[PDB]
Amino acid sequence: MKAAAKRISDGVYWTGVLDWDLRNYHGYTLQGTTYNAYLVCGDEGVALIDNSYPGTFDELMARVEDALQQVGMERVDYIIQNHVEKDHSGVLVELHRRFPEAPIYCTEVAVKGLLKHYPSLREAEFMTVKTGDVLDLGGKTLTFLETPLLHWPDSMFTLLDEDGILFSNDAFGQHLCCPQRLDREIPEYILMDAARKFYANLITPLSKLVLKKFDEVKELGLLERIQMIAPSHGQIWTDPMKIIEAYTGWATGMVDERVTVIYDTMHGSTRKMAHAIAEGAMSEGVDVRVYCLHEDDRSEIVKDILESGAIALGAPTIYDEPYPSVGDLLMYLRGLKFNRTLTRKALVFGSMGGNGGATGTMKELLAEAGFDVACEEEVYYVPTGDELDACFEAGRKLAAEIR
């Protein structure tokens, strides 16, 4: 198959897979993604860093073969697996079949995870690596940095010394599938918004670990050596500090003044409330986003939560409970643990017809999920003008609090 490697540096090639078609990946919406694998060709040896999702071997291999042709090398000598998830290890068995002499470099935990996914690999040779271990390729060296929980127990980064390229696995990734490989080659908005969505959905709960790893990267003296970050999805950063800074901002709760209003409704009263809350918040000059759960994906909602100092979450009561769609978001939030960056303020609200109970339930679940629920607005059925005014005031107050 005809698929070209893309040169990133002398002897460093993107040889990944363009998944134009993927639209939902573990309840993350996207418009395609990529599975970036890299071929690092030293004078002596060739390493493949990561691979790709099952069934994409033909593409990865076509690009690998192109890159080997370009550097005039014969084979991949070392298979590096920064992470075991199947979008990055899904053709490992096929790569092991193609390059039977290539040891697989990965963390110890990764070996276990790989073997569980691919029991036939028991026969393969694994080189377990820990932080600071080095693979010498001849004029190119790869230094491994274990990155447990960033985003998986098996994860590591691989730093190409000399080129200063940090192969960061999913970290700094973005789910974008562009024919352009570099950050600077696409609109900055799209790049950063995808980076943002990726952090919000995948990195938020790891935020404290990400800061700790950055400290470590700096302590080990690696930070100053990073000229490029080449993640496992999306664009390669020729401006690594842009994404480091953004990750530090995101990990530390740096936000512009913004309220995200999220609601669902059966009969529309909670929607009227949500608009009034949004109007109120807008009145204080903060940015405002409004999401309806019936329509909007949790992955986009949490993207804006990342950049919001407060949220408002609304739902009617159905048989003493919140409308169940908030259950999905709230479970997702419980996992993301936004409090790990910033304990965001929350307003809970909703219409009800009887004893209510949605806002209380939501308040409890938001607490569990690391939000500071200061206020609640609850309306019996259809909000009166006064009640809608009170919702505006609630949103104004919420916005004023995060100013």
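Start at 1 with the first residue shown and count on from there.
J.: For the stretches 64-72 and 336-344, which has the higher mean C-alpha B-factor as given in the deposited record?
T.: It is 64-72 that shows the higher mean C-alpha B-factor.
J.: Once you work out the mean C-alpha B-factor for both 269-277 and 216-224 from the entry, which is higher?
T.: Here the higher of the two C-alpha B-factor means belongs to 216-224.
J.: For the C-alpha B-factor as written in the entry, point me to the maximum among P100, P205, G173, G309.
T.: Highest C-alpha B-factor among the listed residues goes to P100.
J.: Hey, what third does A374 fall into on Cα B-factor, ranked over its chain?
T.: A374: CA B-factor falls in the highest third of its chain.
J.: Could you tell me which third, lowest, middle or highest, the C-alpha B-factor of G395 occupies within its chain?
T.: Middle third of the chain for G395's C-alpha B-factor.
J.: Quick one: classify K130 as lowest, middle or highest third of the chain based on its Cα B-factor.
T.: It falls in the top third of the chain.
J.: Among the modelled residues of this chain, does the Cα B factor of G90 put it in the lowest, middle or highest third?
T.: According to the entry, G90 has a C-alpha B-factor in the chain's middle third.
J.: Is the Cα B-factor recorded for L159 in the lowest, middle or highest third of its chain?
T.: It belongs to the middle third of the chain when residues are ordered by C-alpha B-factor.
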